[PDB]
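Colleague: I have a structure here, written as structure tokens, and I will follow up with some questions on it.
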């Protein structure tokens, strides 16, 4: 399965999705800079509308514990 | 789950509750003095009315074997 | 469970009762002299009428193999 | 633990994983049963305070009992400090310091310090002092947890 | 790990498969539970950075946590470099170089280099510095993964 | 593998059955998963080419992958021979011969020859060259076997 095919379900907790992401990211072998680009970009983009909304409110500069606690009720 | 969310059931033995308390207290990382404050305070406060009544009769200065034997029939 | 609460059933073999007794006696920490007193006293006292009758006929001075073979058919 | 090497000296060696796991498994299976105390005693042969906190800290479950024990360990430690006052004047350069309840509990002492006391001549049995507190506190538990 | 040989010197020896598997099994069974930290600590006795990356890299599952830890290890490493600046002028022929955050994380250093620092006199405890970062990052995880 | 003996020399010792079986079990359980590569790397510590063919030859199942790997090992070996030409004139009596791709793959060399190269001064790391080919070929597999 390709990294672009990794997406969050409509009922799937973000948490279970983030695990899937760094597992697939774990099978990507690209430069770190590209993998940083993938992190800030693709993760949020394939996140579900309800959490996506939430993550837009965190702004930039956000870290994984704060994202992970931010989308917990969703 | 937060430490404030730890409470004793209406039919739950105190004993099973005290185990839950020092497990959750085991995941709190606060100063010892604060954790002492939590011990004397929160434990009794979220204890059920029948045992709560019992514990009020032990007075202060009480230790865990005496609390644990005090609320055994409840 | 307390040692005074250890008693022989009306259909329970003595043997199964004597096992229960030295298990509970195993959780008593009292002086040996007191535990000797418990042995000669409480064991027979909480023994069932049919075996109790049997044990009264062994007299004093009796040892455990002779008590245990004495109440076998009961 | 502190064990004797082939050369004929007492040196520290680490405790084994299937020893660790055997400690875990005993607790899993026999909980508060009395056989736990001889069992403990055998597996604590030549053990340090540090190794004894490791064994207590690695427990899961029975947290009411684990707290009762802790509080017994501190009481017994408070009692050590009471009974044995600190000694007269400054500590000698030629000598090493006397332990407190918290050094016996392993808390204020370092491993090398725990090895100094035990390996030195005369040796002091800080394991055996903690061991009695553990066994005493084990009696408290056993007696309570009898039903 | 770096262990003491019979001859009375500190030499490197490899970690054992049933030690490896015991690390695996702990993680399988008790996931983020607190008993994992003393357990880790015992199994990390005398361990290298290199062995510590081996243990972290051999995890399967819990990849959100594994990423949070990584990022904590780099933060703690960035902080090592900040707090301890590089030293004045060129490195002496008679001496060996001071570590950076990435040498502590094992990344920029080689094994022989990791053995130089630890075995040399004075020794520097680069294991224990990484160990605190691991334990600190373990607290972060434990606190988050509480429900 | 080639291990250091107590006397302070490098000697060959055989690999252990529960090591062998642990290699088998990893492959059984985690198939093509990435954790297989650090795992491999740990269990290949101090290993010979001969031991590495033993490990590859003892696989059951996943024969498409096993063939892809073989063919990668030969490609990487063909590349070794290309990049490193044979040396000028006859082999010296005082010296031992330079390896080829097939000596690295263990095929054309004997064990005593594999011990000559590794134990001799300078030593040549024919394990680590095969190891990269194995890891490289492991990446090929992992990338393909991603779904």
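Residue numbers (the numbering used here), protein chains in the order written: chain C, 5 to 78; chain W, 5 to 78; chain U, 5 to 78; chain E, 3 to 149; chain F, 3 to 149; chain G, 3 to 149.
No residue lacks a Cβ here, since even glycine has one placed at the ideal position from N, Cα and C.
Just to confirm the assignment, what range does the beta strand (DSSP E) spanning residue 6 of chain E have?
Modeller: Taken as a continuous stretch (DSSP letters only), the beta strand (DSSP E) holding residue 6 of chain E covers 4-6.
Colleague: Given a cut-off of 7 Å on the beta-carbon distance, is the pair residue 144 of chain F and residue 36 of chain F in contact?
Modeller: Yes, the pair counts as a contact, with Cβ atoms nearer than the cut-off.
Colleague: Which residues in chain F sit within 8 Å of residue 38 of chain C, going by Cβ to Cβ distance?
Modeller: Within 8 Å Cβ-Cβ: nothing; residue 38 of chain C doesn't reach chain F, min ~16 Å.
Colleague: Find the residues of chain F that neighbour residue 33 of chain W, judging by a C-beta separation of less than 9 Å, and give them in chain order.
Modeller: Under the 9 Å cutoff, chain F gives 141, 144, 145.
Colleague: With contact counted as at least three CB pairs below 8 Å, one residue from each stretch, are the stretch 42-61 of chain W and the stretch 13-31 of chain U in contact?
Modeller: Touching, no, given that fewer than three Cβ pairs across the two stretches are closer than 8 Å.
Colleague: For the beta strand (DSSP E) that contains residue 38 of chain G, what are its first and last residues?
Modeller: Here residue 38 of chain G belongs to no beta strand (DSSP E); instead the alpha helix (DSSP H) covers 38-45.
Colleague: Across which residues does DSSP place residue 12 of chain F in a beta bridge pair?
Modeller: F/6.
Colleague: Any C-beta of chain G within less than 8 Å: which residues of the stretch 40-70 of chain F qualify?
Modeller: Answer in chain order: 56, 59, 60, 61, 62.
Colleague: Roughly how many angstroms separate the alpha carbons of residue 57 of chain G and residue 48 of chain F, rounded to a whole number?
Modeller: Looking at the two C-alpha atoms, the distance is approximately 29 Å.
Colleague: Please report the Cβ distance between residue 61 of chain F and residue 13 of chain F, rounded to the nearest whole angstrom; I am assuming they are in contact, meaning their Cβ atoms lie under 8 Å.
Modeller: Not quite, the Cβ-Cβ distance comes to about 28 Å (not below 8 Å), so this is no contact.
Colleague: What's the C-alpha gap between residue 23 of chain F and residue 21 of chain G?
Modeller: Near 11 Å, if we compare the C-alpha coordinates of residue 21 of chain G and residue 23 of chain F.
Colleague: Tell me the DSSP secondary structure of residue 15 of chain U in three-state form.
Modeller: Three-state result, residue 15 of chain U: coil.
Colleague: Run through the stretch 23-89 of chain E for me and flag every whole alpha helix (DSSP H) of 4 or more residues, listed as ranges in chain order.
Modeller: With a minimum length of 4 residues, the continuous alpha helix (DSSP H) runs that stay inside the stretch 23-89 of chain E are 38-45, 51-59, 65-85.
Colleague: Can you tell which of F/148, F/92, F/78 has the C-alpha that lies nearest to the C-alpha of residue 105 of chain F?
Modeller: Among F/148, F/92, F/78, the Cα nearest to that of residue 105 of chain F is on F/78.
Colleague: With residue 51 of chain U as the anchor, note down where its alpha helix (DSSP H) starts and where it stops.
Modeller: Counting along the chain, residue 51 of chain U falls outside any alpha helix (DSSP H), and DSSP gives it neither H nor E.
Colleague: Using the rule of at least 16 other Cβ atoms within 10 Å of the residue's Cβ for burial, across every protein chain shown, is residue 67 of chain U buried or exposed?
Modeller: Label assigned to residue 67 of chain U: exposed.
Colleague: Could you have a look at residue 107 of chain F and say whether DSSP puts it in helix, strand or coil?
Modeller: Looking at residue 107 of chain F - three-state DSSP - the assignment turns out to be coil, as it is neither helix nor strand.
Colleague: Beta-carbon of residue 27 of chain W versus every beta-carbon of chain E: anything under 7 Å?
Modeller: Answer yes: the Cβ-Cβ gap between residue 27 of chain W and chain E drops below 7 Å somewhere.
Colleague: CB-CB under 6 Å to residue 50 of chain G, same chain, minus the five flanking residues each way: which ones, in chain order?
Modeller: Answer for residue 50 of chain G: 116, listed in chain order.
Colleague: Assuming residue 66 of chain E contacts residue 30 of chain W under a Cβ cut-off of 8 Å, what Cβ separation, rounded to an integer in Å, is found between them?
Modeller: Contact doesn't hold; Cβ gap of about 11 Å is too wide.
Colleague: With a threshold of 6 Å on Cβ separation, who are the neighbours of residue 15 of chain E within its own chain once the five nearest residues in sequence on each side are excluded?
Modeller: Excluding positions up to five away in sequence, the list reads 5.
Colleague: Between E/76, E/100, E/18, which has its C-alpha nearest residue 126 of chain E's C-alpha?
Modeller: Nearest of E/76, E/100, E/18 to residue 126 of chain E, Cα basis: E/100.
Colleague: Would residue 11 of chain W count as contacting chain F if we go by Cβ distances under 7 Å?
Modeller: So, not an interface residue.
Colleague: Give, in chain order, every residue of the stretch 86-104 of chain G whose Cβ lies closer than 7 Å to some Cβ of chain A.
Modeller: The structure shown has no chain A; the protein chains it does contain are C, W, U, E, F and G.
Colleague: Looking at the C-beta of residue 19 of chain E, does it have a partner C-beta in chain F at a distance below 7 Å?
Modeller: Interface residue, yes.
Colleague: Helix or strand or just coil, what does DSSP make of residue 28 of chain U?
Modeller: Correct three-state label for residue 28 of chain U: helix.
Colleague: List, in chain order, every chain W residue whose beta-carbon is nearer than 7 Å to that of residue 148 of chain F.
Modeller: Neighbours of residue 148 of chain F on chain W, chain order: 5, 31.
Colleague: Quick one: measure Cβ to Cβ for residue 33 of chain U and residue 7 of chain E, integer angstroms, because I've assumed they're closer than 8 Å.
Modeller: Contact doesn't hold; Cβ gap of about 39 Å is too wide.
Colleague: Hey, does residue 16 of chain E have any beta-carbon neighbour from chain F nearer than 7 Å?
Modeller: Closer than 7 Å to some Cβ of chain F, the Cβ of residue 16 of chain E qualifies, so yes.
Colleague: Residue 64 of chain U: which of U/45, U/50, U/76, U/78 sits nearest, CA to CA?
Modeller: Nearest of U/45, U/50, U/76, U/78 to residue 64 of chain U, Cα basis: U/45.
Colleague: Going along chain G, which residues have a C-beta under 8 Å from residue 113 of chain F?
Modeller: Under the 8 Å cutoff, chain G gives no residues; its nearest Cβ is about 11 Å from residue 113 of chain F.
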